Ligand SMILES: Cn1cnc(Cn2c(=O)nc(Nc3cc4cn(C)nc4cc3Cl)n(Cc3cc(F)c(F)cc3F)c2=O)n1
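Only one chain is shown below, in structure tokens, and it's the form solved without this ligand.
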């Protein structure tokens, strides 16, 4: 169980530096559009101020802006060359629990890649430093990149949020509720444990989904919504979801010194899908 990212080449070919006089940051160049965060201008009062000439766009790894418009918290810029390296792509909004890959850029140059889970409070726990705004987060399905995240801002110590390519900001943070454990990702992690022969925490006892969900409300756990990749884990292991829900309820109390997949605590950063592909 490693944290696995999608290969970043497709997206590396679309990152650019976009500047608005004082402020500079990262942009995503798809076909004839450069997307980027709108606080490059730092709102409608800011937008009217601007000319096409007020932005300049560079590819490091020759673009003239010839159209500009605002969409939610994102600038949608039009440019006079269509990106020859543009992937087949899609905009989609992720839901808490889902995992995606982030390409962290600076000055329009990619520097790292990692995987985050969209956290129940609509933030992500990544590594973003000054100037990383406009790094994109994506998933890949076939050859179709799904762009789902443009990085905007840091809120607390090591917690970040961003936009969803319609303009909306995850969790509506203007440019935080308490976090919870993602119950299904934990269940999947415990299946991964069982699959690698770490099944000491399995007892016959069970907890229905309906009661677990009531229990979750009081213990900073999200609702559990089973899906088929979980059902596939249950089948291969012969352990029912309802058993693992009982074990979550008792492991949250304490691990009593023991281990699971090396971990001393619960792990909600792997999804049923990630477990399936990897194991």
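Positions refer to the first chain, counted from 1.
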Compared with other deposited entries of this protein, is residue 156 missing coordinates in at least a third of those that cover its neighbours?
yes
Where the other entries model residues on both sides, is residue 62 skipped in at least a third?
yes
Between residues given as residue 175 and residue 176, how many of the deposited sequence are not built: none, 1 to 3, 4 to 9, or 10 or more?
4 to 9
Report, from the record, the number of residues in the deposited sequence between residue 42 and residue 43 that have no coordinates, as none, 1 to 3, 4 to 9, or 10 or more.
4 to 9
Got a sec? Mean C-alpha B-factor, which is higher, 155 to 163 or 142 to 150?
155 to 163
Output the stretch having the higher mean C-alpha B factor in the entry; the candidates are 7 to 15 and 254 to 262.
254 to 262
Which one, 30, 233, 47, 247, has the peak C-alpha temperature factor per the PDB entry?
47
Selection from 227, 237, 213, 243 [criterion: highest C-alpha temperature factor in the record]:
213
Sorting by Cα B-factor within the chain, modelled residues only, which third would residue 120 end up in: lowest, middle or highest?
middle
Within this chain's modelled residues, let me know which third the CA B factor of residue 221 belongs to: lowest, middle or highest.
middle
Lowest, middle or highest third of the chain for the C-alpha temperature factor of residue 129?
highest
Please rank the C-alpha B-factors of the chain's modelled residues and tell me whether residue 180 sits in the lowest, middle or highest third.
highest
Looking at the entry's B-factor column for C-alpha atoms only, identify whether residue 137 ranks in the lowest, middle or highest third of its chain.
lowest
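In what follows, reference is made to the form solved in complex with this ligand, a form of this protein that is not presented.
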In contact with this ligand in the deposited complex (heavy atoms, 4.5 Å), from 190 to 198, 75 to 83, 121 to 129, 88 to 96, is stretch 121 to 129
Among 148, 102, 133, 182, just one has a heavy atom within 4.5 Å of this ligand in the deposited complex, namely 133
Residue-level question: is residue 252 within 4.5 Å of this ligand in the deposited complex, judged on heavy atoms?
no
Would you classify residue 25 as touching this ligand in the deposited complex, given a 4.5 Å non-hydrogen atom cut-off?
yes
In the deposited complex, does residue 215 have a heavy atom within 4.5 Å of this ligand?
no
So in the deposited complex, is this ligand close enough to residue 144 to count as touching (4.5 Å, heavy atoms)?
no
Taking 39, 152 and 160 together, does each of them reach this ligand in the deposited complex with some heavy atom inside 4.5 Å?
yes
With this ligand taken in the deposited complex, which residues across 53 to 67 come within 4.5 angstroms through any non-hydrogen atom?
none
